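Order of the sequence lines sets the chain letters (A, B, ...), proteins ahead of strands, with each chain counted from 1. Hydrogens, waters and symmetry mates are skipped; everything else that's a heavy atom, side chains included, is used.
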Amino acid sequence: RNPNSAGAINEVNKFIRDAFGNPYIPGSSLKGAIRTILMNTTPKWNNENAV
RNA sequence: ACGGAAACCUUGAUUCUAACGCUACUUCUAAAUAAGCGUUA
């Protein structure tokens, strides 16, 4: 819709920042993505024993 | 008017010198601030 006409953008989800206000990507986020990739492609972790 | 009188068990002395409540030890281990959008129109 038009951002200056209706309610439109009421809330914006903030990006992660440090104490200086500069955005960055935490290592925990990339590590979680890498861990998902590794766990899904290892047959000894992607089995019914994972539940 | 007594085997009695007179006579300090007294003076000077530091329970003192030396000695680390010390040696070794990561508040550590895994962990995406992320998932779901139905039904009506």
Side-chain angles (χ1 to χ4, degrees):
Chain A
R1 68 180 65 252
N2 189 358
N4 209 8
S5 283
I9 297 169
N10 275 331
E11 293 179 353
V12 178
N13 290 61
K14 293 197 220 200
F15 205 86
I16 193 66
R17 288 178 159 87
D18 51 17
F20 309 98
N22 297 128
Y24 79 115
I25 296 191
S28 66
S29 304
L30 192 74
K31 187 170 185 187
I34 292 165
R35 192 178 163 115
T36 296
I37 285 179
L38 291 172
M39 283 168 82
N40 268 282
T41 59
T42 304
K44 77 178 168 288
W45 300 329
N46 196 12
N47 46 58
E48 55 269 4
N49 287 293
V51 190

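Taking the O4'-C1'-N9-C4 or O4'-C1'-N1-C2 dihedral as appropriate, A31(B) has a value more than 90° from 0 and is therefore anti. With its glycosidic angle within 90° of 0, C8(B) adopts the syn conformation.
Stacking check, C9(B) with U10(B): criteria not both met, so the pair falls outside the 5.5 Å centre and 30° angle limits. For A30(B) and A31(B), a centre-to-centre distance below 5.5 angstrom and a plane angle below 30 degrees are both found for the six-membered base rings. With the rule of ring centres under 5.5 Å apart and planes tilted under 30°, the neighbouring bases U14(B) and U15(B) are not scored as stacked.
Going from atom CH2 of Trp45(A) over to atom P of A31(B) covers 11 Å, rounded to whole Å. At whole-Å resolution of the value, CZ in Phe15(A) and P in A32(B) are 17 Å apart. Rounded to whole Å, the distance from OH on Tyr24(A) to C1' on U33(B) is 12 Å. Here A30(B) presents its P atom at 6 Å from NZ of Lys31(A), a figure rounded to the nearest Å. Straight-line distance from the CD1 atom of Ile25(A) to the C1' atom of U33(B): 14 Å, rounded to whole Å. The separation between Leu30(A) atom CG and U33(B) atom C1' is 15 Å, rounded to whole Å.
Separating the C1' atom of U26(B) from that of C22(B) is a span of 22 Å, rounded to the nearest Å. For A32(B) and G36(B), the P atoms lie 16 Å apart once the distance is rounded to whole Å.
In the displayed structure, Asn13(A) atom CG is contacted under 6.0 Å by at most 12 heavy atoms of other residues, nucleotides or ligands. Within 6.0 Å of atom CG in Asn4(A), 12 or fewer heavy atoms from other residues, nucleotides or ligands are found, so the atom counts as exposed in its surroundings. Enclosure of atom CZ in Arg17(A) by more than 12 non-hydrogen atoms of other residues, nucleotides or ligands within 6.0 angstrom is indicated.
For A32(B), the sugar pucker falls south, since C1'-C2'-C3'-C4' comes out negative. Because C1'-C2'-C3'-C4' is negative for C9(B), its sugar is assigned to the south class. Using the sign of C1'-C2'-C3'-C4' as the criterion, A31(B) is classed as a south pucker. Because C1'-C2'-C3'-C4' is negative for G21(B), its sugar is assigned to the south class. In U14(B), the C1'-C2'-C3'-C4' torsion is negative, which places the sugar in the south family.
Between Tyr24(A) and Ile16(A), the shortest heavy-atom contact is O-CG2, 3.1 Å. Across every non-hydrogen atom of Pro43(A) and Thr41(A), the tightest pair is CD-O, 3.7 Å.
OP1 or OP2 of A31(B) sits under 4.0 Å from a side-chain N or O of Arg35(A). Within the 4.0 Å cut-off from OP1 or OP2 of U33(B), at least one side-chain nitrogen or oxygen of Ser28(A) is found.
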